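K.L.:
Chains as they are written, first to last, in full-length UniProt numbering: chain A, 7 to 148, 152 to 523; chain B, 7 to 148, 152 to 523; chain C, 8 to 148, 152 to 523.
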Amino acid sequence: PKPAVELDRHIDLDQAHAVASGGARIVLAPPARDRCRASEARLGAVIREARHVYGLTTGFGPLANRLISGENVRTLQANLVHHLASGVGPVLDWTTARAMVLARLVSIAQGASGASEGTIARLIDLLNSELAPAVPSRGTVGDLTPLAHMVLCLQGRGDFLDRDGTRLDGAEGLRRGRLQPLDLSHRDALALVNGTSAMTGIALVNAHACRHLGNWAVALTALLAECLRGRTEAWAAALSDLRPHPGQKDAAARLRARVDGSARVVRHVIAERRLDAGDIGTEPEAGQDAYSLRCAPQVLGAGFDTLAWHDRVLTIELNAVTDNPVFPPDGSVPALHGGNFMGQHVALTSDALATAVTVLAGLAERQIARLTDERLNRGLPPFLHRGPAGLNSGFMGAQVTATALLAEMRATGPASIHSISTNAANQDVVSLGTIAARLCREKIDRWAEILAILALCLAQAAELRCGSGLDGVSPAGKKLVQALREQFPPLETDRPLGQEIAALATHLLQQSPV
Amino acid sequence: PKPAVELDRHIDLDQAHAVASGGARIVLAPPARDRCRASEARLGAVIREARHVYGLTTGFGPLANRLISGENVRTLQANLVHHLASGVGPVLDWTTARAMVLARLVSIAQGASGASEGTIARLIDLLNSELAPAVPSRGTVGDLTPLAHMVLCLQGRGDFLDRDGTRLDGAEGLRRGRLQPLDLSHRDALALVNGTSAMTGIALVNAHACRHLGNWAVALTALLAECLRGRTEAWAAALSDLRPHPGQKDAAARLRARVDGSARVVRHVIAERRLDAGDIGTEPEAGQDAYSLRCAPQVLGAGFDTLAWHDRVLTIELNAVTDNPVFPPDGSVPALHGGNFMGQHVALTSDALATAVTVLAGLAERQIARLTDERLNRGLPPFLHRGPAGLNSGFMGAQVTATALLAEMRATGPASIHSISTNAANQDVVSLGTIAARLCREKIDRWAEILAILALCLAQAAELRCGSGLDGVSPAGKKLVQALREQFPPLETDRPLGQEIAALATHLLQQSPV
Amino acid sequence: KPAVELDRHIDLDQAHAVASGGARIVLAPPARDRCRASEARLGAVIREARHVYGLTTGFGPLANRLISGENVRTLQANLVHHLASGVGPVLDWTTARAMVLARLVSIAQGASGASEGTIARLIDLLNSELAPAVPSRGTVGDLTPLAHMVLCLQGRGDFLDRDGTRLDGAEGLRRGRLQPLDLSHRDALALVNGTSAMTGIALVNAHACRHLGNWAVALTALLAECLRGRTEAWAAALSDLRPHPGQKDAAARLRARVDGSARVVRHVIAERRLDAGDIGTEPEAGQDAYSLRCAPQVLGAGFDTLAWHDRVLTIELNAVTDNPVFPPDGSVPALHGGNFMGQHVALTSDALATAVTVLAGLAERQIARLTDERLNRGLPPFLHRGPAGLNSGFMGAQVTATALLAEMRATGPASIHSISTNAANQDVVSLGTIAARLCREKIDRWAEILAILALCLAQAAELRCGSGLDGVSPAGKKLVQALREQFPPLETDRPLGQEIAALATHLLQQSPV
Ligand SMILES: O=C(O)/C=C/c1ccc(O)c(O)c1
Ligand SMILES: O=C(O)/C=C/c1ccc(O)c(O)c1
Ligand SMILES: O=C(O)/C=C/c1ccc(O)c(O)c1
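1) Any chance the CB of A:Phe313 is under 7 angstroms from a heavy atom of ligand 3?
2) Does the region 451–461 of chain C come within contact of the region 360–369 of chain C, defined as at least 3 CB pairs closer than 8 angstroms?
3) Could you give the first and the last residue of the continuous alpha helix (DSSP H) run that contains A:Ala105?
4) I'd like to confirm something about B:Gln436: is its beta-carbon nearer than 7 angstroms to some heavy atom of ligand 2, or not?
5) Check whether the Cβ of B:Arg187 lies closer than 8 angstroms to any Cβ atom in chain C.
6) Starting from B:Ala10, trace the beta strand (DSSP E) both ways and give me its first and last residue.
7) Quick one: using the 10 Å Cβ neighbour count with 16 as the cut-off for buried, is A:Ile32 buried or exposed?
8) Less than 8 angstroms between CB atoms is the rule here; does B:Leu506 satisfy it with respect to chain A?
9) Enumerate in chain order the residues of its own chain whose CB-to-CB distance from B:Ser428 is below 7 angstroms, with the five nearest sequence positions on each side excluded.
10) Determine the chain B residues that contact A:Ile429 at a beta-carbon separation under 8 angstroms, and present them in chain order.
11) Measure from the alpha carbon of C:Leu86 to the alpha carbon of each residue in C:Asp14, C:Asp197 and C:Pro190, then state which is nearest.
12) Comparing C-alpha positions only, which one of B:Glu12, B:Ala485 and B:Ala22 sits nearest to B:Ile325?
13) Start and end of the alpha helix (DSSP H) containing A:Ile126?
14) What does C:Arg384 reach in chain B if we use C-beta pairs closer than 7 angstroms?
15) Can you give me the Cβ contacts of A:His354 inside the same chain, cut-off strictly under 7 angstroms, excluding the 5 residues immediately before and after it?
16) 8 angstroms is my cut-off, CB to CB: does B:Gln408 come that close to chain A?
17) Considering just the uninterrupted stretch of the beta strand (DSSP E) at C:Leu34, what are its terminal residues?
18) Please state whether the Cβ-Cβ distance between C:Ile211 and C:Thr502 is less than 8 angstroms.
19) For C:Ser521, count neighbouring Cβ atoms within 10 angstroms of its own Cβ and tell me buried if that reaches 16, exposed if not.
20) Could one say the Cβ of A:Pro37 lies closer than 8 angstroms to chain B's Cβ atoms, at least one of them?
21) I'd like to confirm something about residue 5 of chain B: is its beta-carbon nearer than 7 angstroms to some heavy atom of ligand 1, or not?
22) Are any of the Cβ atoms in chain C nearer than 8 angstroms to that of A:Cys304?
23) Measure from the alpha carbon of B:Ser301 to the alpha carbon of each residue in B:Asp320, B:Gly347, B:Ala378 and B:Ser477, then state which is nearest.
24) Looking at C:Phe336 and C:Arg43, is the spacing between their C-beta atoms short of 8 angstroms?
25) Secondary structure at B:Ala84, three-state DSSP: helix, strand or coil?
26) Using 10 angstroms around the beta-carbon of A:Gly340, count the other beta-carbons present and answer buried if the total reaches 16, otherwise exposed.
27) Sort C:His221, C:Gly296 and C:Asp178 by Cα distance to C:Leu316 and report the nearest one.
28) Got a sec? Which residues, its chain only, sit under 6 angstroms from A:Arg57 by beta carbon, not counting five neighbours each side?
29) Whose C-alpha, out of C:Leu473, C:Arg494 and C:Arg395, is nearest the C-alpha of C:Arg504?
30) Could you spell out the range, first to last residue, of the beta strand (DSSP E) harbouring B:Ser143?
31) Between A:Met159 and ligand 1, is the CB less than 7 angstroms from at least one heavy atom?
32) Between A:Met405 and chain B, is the shortest Cβ-Cβ distance under 8 angstroms, so that the two count as touching?
33) Please work out which residues of its chain come closer than 7 angstroms, Cβ to Cβ, to A:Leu357, disregarding the five sequence neighbours upstream and downstream, and give them in chain order.
34) Flag A:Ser119 as yes when its Cβ comes closer than 7 angstroms to any non-hydrogen atom of ligand 1, and as no otherwise.
35) Three-state secondary structure (DSSP) at A:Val97?
36) Could you list the residues in the region 424–457 of chain A with a C-beta less than 8 angstroms from some C-beta on chain C, going in chain order?
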């Protein structure tokens, strides 16, 4: 059948991605259902008592000094969704749009948003269906605009996306997915258009993609060592203990596991060799590898620790209530007004992860540059070609393409530093967290393509070095090459690789080498 | 009666865009045809005489040290196209892809590439058709990869694009476009896979778009002055004469022309007034406007001078021969080997223009921020809303979207500074000109969206200030607003504006306010 | 003077105390014992002629050239020589000493082989009032700066006194009572190794950020007191709903700063029940602009970034970033790897630099709002005193703060610019030293922006509450009174440049307590 995620209070990143990707169905746990019903009642009382509350009896933004009569709240909230639907640009992908819906739901599930049962059910239904709202990716300074577009979609006034990205009009979406048109008669529109749902959704997808890409980075580094007689002593556990960064220790351990059983790597500790007068001279190779191999644990590890911080912060954000206003469950006050919608946390972690992805992609790019260079690849054909040299150039074009992709990644920097006072100076500081997460996603995609080129190069290199039978190659290495060869043939003669590179990259983002 | 551009030696940017956009047919002038026939013969002689020439008797890149026998040249060039087809990413748009084809053609037309009559005809046939080759946008370090994909397309081994971007397979493209499959039997493949055609094509489309956007920036700045009682003395010719930057003189002159006939702007020179004792005190307003109006000539002018430099450089590049190797028309030597394919000129000018676009976009974004602020817009409704305040927020969402678009533009910097040694260190410095032109294009697209928002706001602001009849508004101002109102209705009540912003943005990139 | 006893672990505060001269440093007996054991191991490695980088080989790609024992002295002497190609302004006194300390902490772990004399030279330097004069540029991440340090310690390079005044090598040894570094034990690699420079720069950045963060909070609080800010936005309940440690902390510290204040608005707006007669446009909105309302969230994110930076830095500082290294357990004679790759400090420094720029932006916008007569709720334009027009107050300083911020934004992460070098042997490099230095520059700019904001707030408080600061919280009163001891009110326009600079220097080393 299909796995089910029962949402109560806390949901981890894997569960969140399982639901967003459609791998698991979602259900609201009884305790959560009750907390929400209790919050739904508080909203009702707040409205009945005509309490001074943003979005219920006031205008929006700087227009909040304009009080609104209870009789016009329906109109007030309908125009909120209207004026906010100014988004532009390509729509968020299926998984990501759904991750945004999930993020809003999790916040509501905490029981402080006043959302009604019907509203909550509409979000759950979307998540359990095979559809996603079609929402523009640009427009928010960090996430009212993308959420306003979501609302319109759930009302059948906006397009939907199927798993392939093909758009369906509103009516067709509600029909096909058996979704009921969203009804905001309870005046709970602020429960849907609030918080940091978009950036959080984008980031949770980023987190999942990076885990898979990190696994490929490790597996490809290990296979590179098997193709270049790499020295395993640089990956010794003893070295990790001397500089105990968790991410490094993990990188090293994982690299060691990948090459376990290999007869292609050099396992001797050079310091065990005692020299005598006859040894003094110039040896063919230095006793240590170039940094793209020797410092893989340190470079990969730094990135892993950056992703770890990103996930710790993100886990907290995903399970938090980033709504404004909020209705305290204890009933201490009718409502609280603050700024928990300021996505500075996801903005800063996304920018930090973006830099780490660029650094790791640079490592993969240099690993390709080294492997394909006849002066540095220790005996392998130039650019790993097959057939007569000259008449065949092998991966010479693919190698340059990897460099081109990396160069483009570097041209874009952090989004967080570009805060600009807007909204008539009311939002004098903004997080730009959604932009930050989106820029990180683009880099993650470029990293996947660079890793794809490296994987194809390594499949070929392994065969050129060890024969089609991959003699001496580790069990893990053999399994990885064999799996690749199931869909990607050896390069016996030059052929267009662009489509294969793009196809493999898509795979790397969703599955790890095991 | 579809216009025709006759190509001899030189073609200006407007003519180039006329052909690339399909607004004009292209024909090779008699003298050009002869120069090419003569070059074709020279290539034949080089082959006949077994001259040592890159691509005719040698491998590619660092593999050029491998000499090739004449009987293997067909295979040599076939694999060249193959190994280079490693491109990925979204395909270049219809117009840009065709601009690339044109750029290669113009270089060949100089008579130093050795291209055969058939090869040249395939390029001309493509440009006179309604099709464009479908080529990936990423993969070059600056443009063999995108041009190799072009070659495959013209052979019927790659997709094609119709004006709407819908993709057709190779066969369908040759059929629908009534095109002959490309035949490289004359061994003239290097006449197609060479130079800076991609970046040049992208840049020439950028140049055309910026001309139109610049006209909108000027027109909207002028309309803004009519909506805020702007002072025209800051735009006086005398000021331009004191600081003679051509771009500034032009900007000031165009601004004055836009408000000619306006009774909504203040034309009195403040220094003409003589003050008495009873004047000393605090006046309602300062004698000078904020910079977004007062310094428009200086800011817009600097952008215009930047575009001017960009266009002078691009014009030379478009009409140059960026091939390698080349066959001197004067017959001095059989062929010359150098690096005219290094696109550093387009790289640096594209980066400089991108900065200028971001600056001018910032100007527009601040003009929007001021116009919609009730504390700064001198009596206009907050966010230019209509209907009851609070219940309606007008362009409050669109204003923030403008800020978000600008912030994103700022996150990406120059592409040129990221050169990385590649191709086994043979290409130890690369231009990244294609990437630079592409990053500039994205910024131009964001600028158009920001201007679109400003245009919609100004249409509303003009009617709010001067009534639906636009009383006192200049003739130019009236024409612009009326033209907009033909497709974009007033905002009498809040509605989603995303689709309208996008639609208007597309228009602003192709037409100026006239 | 307090003493920091170094055994295995030292925290960031203890490190800065020693680096800044506030505390002496002593090597604990257990550490001296572990180091003596490591010195013996290096001796055995040399006697056994084990194949070890720097002891029997050239350097970098030249490591394939094996070296005879009789030539090792020359070998290591030239290592220091070729590496001394650094250029640019010297690291400041505190930072340079922080670098010396970082190398020592690594050596103290007992895996570097450093001789007792070499260790003593580092300890002596730290206990003296001197710092080696080392150029700030030249490393791709830290052999070059460390090589310069070695030359200084041998009396072949300049020293800096606390004031930054330079002394030649000979004078430095004499004035500091330092003995010339002797590398006869062939332990040169114990000094020219690791991530000492970027780590030293980073720990100084860490200390400065703690102080500036305290000012950022204190000034945000005083801003609320000058603009009738609403405290409900800083309620603990909100923190609990979005439990980011840094945010909860920021909100709690903000509440504490305004405790006892009669100038802030404490009412919870949702308590008010509206009547039909109230419907219309009120003078002010029920919530503050983001520079006040979202301070917990913006400051908080910045604090969590610093917390991550400090966690990673603490590990780096206390680790052995040496290569080669000599296993204390004696499992193998030596290990060859890449623990010198400073990617951790590179990524955290870059991440912190972004956070600093974000928080400086907040401070800059707070100044922009406070000095705007249309937004400061009744305060004079640019907080001027004396006749308006004839006086412009902080109008110039306000623009200066914007210029300082705009400059900060022009510089991005250093880590993304790795370039293959050293004949492609170092095909990837961290650039951590550069990253840490770039972050330091942004920290200095942030200090100046905060200084301008503090001077504006002292003036604004007096204009709003009178010289007696009536209704101002005890913390706010103490802060203004402290500032006023050295910085006079602005009763008439005057040059503020030197005062801004002077105050900024203070903010970096002390918090408002
Ligand atoms: O300060 C706030 O709490 C609201 C800000 C805001 C800013 C722009 C919008 O379009 C909007 O609905 C709300
Ligand atoms: O140095 C040159 O002139 C050739 C460069 C080059 C670099 C990569 C390729 O795939 C290729 O066909 C050519
Ligand atoms: O690979 C290594 O472990 C050493 C690299 C290196 C690179 C440049 C220098 O000047 C030097 O002393 C050492």
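Quick reminder that beta carbons are idealized off the backbone N, C-alpha and C, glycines included.
P.N.:
To lay it out plainly:
1) Incorrect: A:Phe313 has no Cβ contact closer than 7 angstroms to ligand 3.
2) yes
3) Note, A:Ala105: alpha helix (DSSP H), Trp100 to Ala115.
4) yes
5) no
6) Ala10 to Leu13
7) buried
8) Judged by the 8 angstroms Cβ criterion, B:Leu506 is in contact with chain A.
9) If you ignore the 5 residues before and after B:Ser428, its C-beta comes within less than 7 angstroms of the C-beta of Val438, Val439 and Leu441, all in its own chain and listed in chain order.
10) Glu374, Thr412, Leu415 and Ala416
11) Comparing Cα positions, the closest option is C:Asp197.
12) B:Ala22
13) Secondary structure note for A:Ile126: its alpha helix (DSSP H) is the uninterrupted segment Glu123 to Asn134.
14) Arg384
15) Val322 and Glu326
16) yes
17) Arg31 to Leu34
18) no
19) Result: exposed.
20) no
21) No information on residue 5 of chain B is available, as it lies outside the stretch 7 to 523 that chain B covers here.
22) yes
23) It is B:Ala378.
24) no
25) When DSSP states are grouped into helix, strand and coil, B:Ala84 belongs to the helix group.
26) A:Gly340 is exposed by the Cβ-count criterion.
27) C:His221
28) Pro343
29) C:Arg395
30) Boundaries of the beta strand (DSSP E) harbouring B:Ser143: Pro142 to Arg144, taken from the DSSP string.
31) no
32) yes
33) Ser425
34) no
35) strand
36) Listed by position, the residues of the region 424–457 of chain A near chain C (Cβ gap below 8 angstroms) are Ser425, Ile426, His427, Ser428, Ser430, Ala434, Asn435, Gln436, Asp437, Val438, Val439 and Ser440.
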